[PDB]
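Protein chains in written order, with PDB author numbering: chain D, 1 to 130, 132 to 173; chain R, 1 to 130, 132 to 173; chain F, 1 to 130, 132 to 173; chain E, 1 to 130, 132 to 173.
Just so it is clear, CB atoms sit at the ideal spot from N, CA and C, and this is done for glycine as well.
There are 4 protein chains.
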Amino acid sequence: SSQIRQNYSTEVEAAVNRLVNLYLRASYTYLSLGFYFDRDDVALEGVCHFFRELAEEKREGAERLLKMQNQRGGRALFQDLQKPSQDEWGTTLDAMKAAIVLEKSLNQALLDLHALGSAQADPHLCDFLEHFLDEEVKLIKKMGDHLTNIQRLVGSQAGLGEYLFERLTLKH
Amino acid sequence: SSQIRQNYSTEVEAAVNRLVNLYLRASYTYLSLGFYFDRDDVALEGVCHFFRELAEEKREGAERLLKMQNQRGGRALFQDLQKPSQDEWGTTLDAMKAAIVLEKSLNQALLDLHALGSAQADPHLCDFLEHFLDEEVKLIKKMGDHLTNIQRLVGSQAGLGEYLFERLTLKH
Amino acid sequence: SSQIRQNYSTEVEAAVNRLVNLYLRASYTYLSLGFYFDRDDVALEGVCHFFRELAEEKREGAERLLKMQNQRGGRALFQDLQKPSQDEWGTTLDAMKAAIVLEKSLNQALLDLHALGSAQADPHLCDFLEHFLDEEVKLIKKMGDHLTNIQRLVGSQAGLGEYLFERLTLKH
Amino acid sequence: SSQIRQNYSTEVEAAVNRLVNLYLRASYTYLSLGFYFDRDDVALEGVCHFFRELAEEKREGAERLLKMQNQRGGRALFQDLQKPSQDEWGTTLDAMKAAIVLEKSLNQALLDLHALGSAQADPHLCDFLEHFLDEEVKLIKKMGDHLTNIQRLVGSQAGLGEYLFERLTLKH
Ligand SMILES: [Pd+2]
Ligand SMILES: [Pd+2]
Ligand SMILES: [Pd+2]
Ligand SMILES: [Pd+2]
Ligand SMILES: [Pd+2]
Ligand SMILES: [Pd+2]
Ligand SMILES: [Pd+2]
Ligand SMILES: [Pd+2]
């Protein structure tokens, strides 16, 4: 029951649903990261804000994919959202490392989807991901920049460096 | 590891975590409801908007609970988010009925939490839910109003009534 | 006699000329659809406006293709514009069905052209269609949405439903 | 001699007078803390400002309680204000620890008063404390956040950390 579907493979439709799940899972992970840094015994507001902003971005990405699914005449199918991989996230450095791992996995899923689109001769999908692809590269570059600065600040005054990074790099 | 926790029972802490899960689940359900009404073979924009707005409201509720959890020195614990109970939601009437069922369950969970707060002599919790409690009563009243209007419009021109309700009651 | 042509195949050049013809033909079809709904014995202004707007959009598309043809050093070649397939277009539903058929055919021609561009290793063409491709998907989604609403409104009060759709969905 | 008193127990009236004393004592303690950090041999302006702001807040709280006492037809009774527990307050960390101890004691007194109100079936009192209760939870969370940051900054460059916290966290 679609009267509009054209050149939209069942393979891409399913891959888009899986990507929505991955984006929502990422959003959930960032929600957990954000609130961890808001704990009174962690108390790094710039870090909390950074991850809460990412939770919003990932949710927005999922919503864009869902809009596209309907635009193409595919059917959204939702699965459980697995809880994030940790309950406590360690240091800012630990968290930023986890975030980059997460983003690399999202990026790989985008790359896999683009490849499927190319194999299926689906240029609209290709065009649509173009939005996701650059945004992801920009985000990963930012995270790498952050990680380098966090790492430079460890030294052997780790608490001091963690405070200074949150105060002087992150938005608060 | 909290230096601030005071008069905040482990029972309430756990109940707050469960309530966060219920709110996030509700948000997820509303996301699914919203996109269903955006299908080209359903195509009721006012209904899509209504449920997408509710998805945002429920997410906001979860975020408020998480902020409060940290304010009190409790620790957020996240669980899986179960997928919504249906993949396709039927008519506007079916959907509005499902929504009221969902809201009644959230309201009951709020009532249960307030009762626990009262049993634990936790007035801050009581005060905090006061926000949730009125918002929920207002929302359920609105949904009941909608259901009555949807029901009046069935008659034996169901398609006509569904169109008119979306056009003339819902925001588009 | 071009001093600029580079990586622009004769196959793509010809396909672009054919696409210009298809867009102009579509524009002509929409002109006819628009004026049919302006007949005193049809008199559905929102429908007239919808199709007249599409006539303008298709003409604009042809003009964009012609601009691109010259940008690449190809040579515009015009053919006859075949008259639209009907002189009278029936109900709003009949017309919207005809419109979606027309758009699917344009979309297929765009897809065919992108495939040719990919086969000819012509990335500028690919980039250029990216504009056409999303606009077409958006338009077809809109038409599918319209068709669903028109269909819901037939019931057995067809005149009533046709009036209400024109009044409450379409711009007038 | 009141013509307005209704449902206002002598127990609550007395507890309100004691709470006014506790708030005024807290204000006095914060006055002392503030001026200590303004000493030329301490010289941490952000810390001075933080505690002077709290002195004002506590005085305001006492004034609100006194207004409520009269609104209910109770009679304000003032006792001596005991001098603060220290003449010199040590490091920012020492001071912030003392402040949280002080706030926990105020919060416990508020909780005790709410419990008395509930036992006496005095809902206006309950409503009134609702203002005090959330403000106190917010303040204690802030103090806990501060303490965590101060503690992270000790390291073995304590002077450096104390300076940086005052410069980069506190308002100056
Ligand atoms: Pd924070
Ligand atoms: Pd934040
Ligand atoms: Pd919609
Ligand atoms: Pd919407
Ligand atoms: Pd007209
Ligand atoms: Pd017109
Ligand atoms: Pd000063
Ligand atoms: Pd000051």
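Bridge partner(s) assigned by DSSP for residue i
| i | result |
| --- | --- |
| R/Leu-81 | D/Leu-81 |
Run of the alpha helix (DSSP H) containing residue i, from where it starts to where it stops
| i | result |
| --- | --- |
| D/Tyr-164 | 159-169 |
| F/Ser-105 | 92-119 |
| R/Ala-43 | Taken as a continuous stretch (DSSP letters only), R/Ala-43 belongs to no alpha helix (DSSP H), as it is neither H nor E. |
| F/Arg-18 | 10-37 |
| F/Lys-139 | 134-155 |
| E/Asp-127 | 123-129 |
Buried versus exposed call for residue i [16 or more other C-beta atoms within 10 Å across all chains shown]
| i | result |
| --- | --- |
| R/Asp-80 | exposed |
| R/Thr-29 | buried |
| F/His-147 | buried |
| E/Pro-123 | exposed |
| R/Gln-108 | exposed |
| R/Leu-125 | buried |
| F/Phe-78 | exposed |
| D/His-132 | exposed |
| R/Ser-27 | buried |
| D/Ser-32 | buried |
| F/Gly-145 | buried |
| R/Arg-72 | buried |
| R/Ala-115 | exposed |
| E/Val-47 | buried |
| R/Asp-112 | exposed |
| D/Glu-167 | buried |
| E/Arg-153 | buried |
| residue 131 of chain D | Since the model of chain D passes from 130 to 132 in one step, residue 131 of chain D is not part of what is shown. |
| D/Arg-59 | buried |
| F/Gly-90 | exposed |
| F/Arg-5 | exposed |
| R/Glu-103 | buried |
| F/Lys-83 | exposed |
| R/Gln-69 | buried |
| D/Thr-92 | buried |
| F/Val-42 | buried |
| E/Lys-142 | buried |
| E/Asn-7 | exposed |
Under 7 Å from the C-beta of residue i: neighbouring residues of chain C
| i | result |
| --- | --- |
| F/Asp-146 | Among the chains of the structure shown, chain C does not appear; the protein chains present are D, R, F and E. |
Give the residues from the segment 59-75 of chain R that approach chain E closer than 9 Å (Cβ to any Cβ), ordered along the chain.
For the segment 59-75 of chain R, which is checked against every Cβ of chain E, the residues closer than 9 Å are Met-68, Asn-70, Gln-71, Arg-72, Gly-73.
Can you list, in chain order, every residue whose CB sits closer than 5 Å to a heavy atom of ligand 7?
Chain-ordered list of matching residues: E/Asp-38, E/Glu-45, E/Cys-48.
If the cut-off is 9 Å on Cβ atoms, which residues from the segment 79-107 of chain R count as contacting chain D, listed in chain order?
Under the 9 Å Cβ criterion, the segment 79-107 of chain R contributes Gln-79, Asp-80, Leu-81, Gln-82, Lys-83, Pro-84, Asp-87, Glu-88.
Chain F contacts made by the segment 5-20 of chain D, where a contact means CB separation under 8 Å
Listed in sequence order: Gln-6, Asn-7.
Please name the residues in the segment 152-164 of chain D whose beta-carbon is closer than 9 Å to at least one beta-carbon of chain E, in chain order.
If you check each beta-carbon in the segment 152-164 of chain D against every beta-carbon of chain E, the ones closer than 9 Å belong to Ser-157, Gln-158, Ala-159, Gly-160, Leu-161, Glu-163, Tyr-164.
Interfacial residues, the segment 115-128 of chain D to chain R, with Cβ spacing under 9 Å
Nothing from the segment 115-128 of chain D brings a Cβ to less than 9 Å from some Cβ of chain R.
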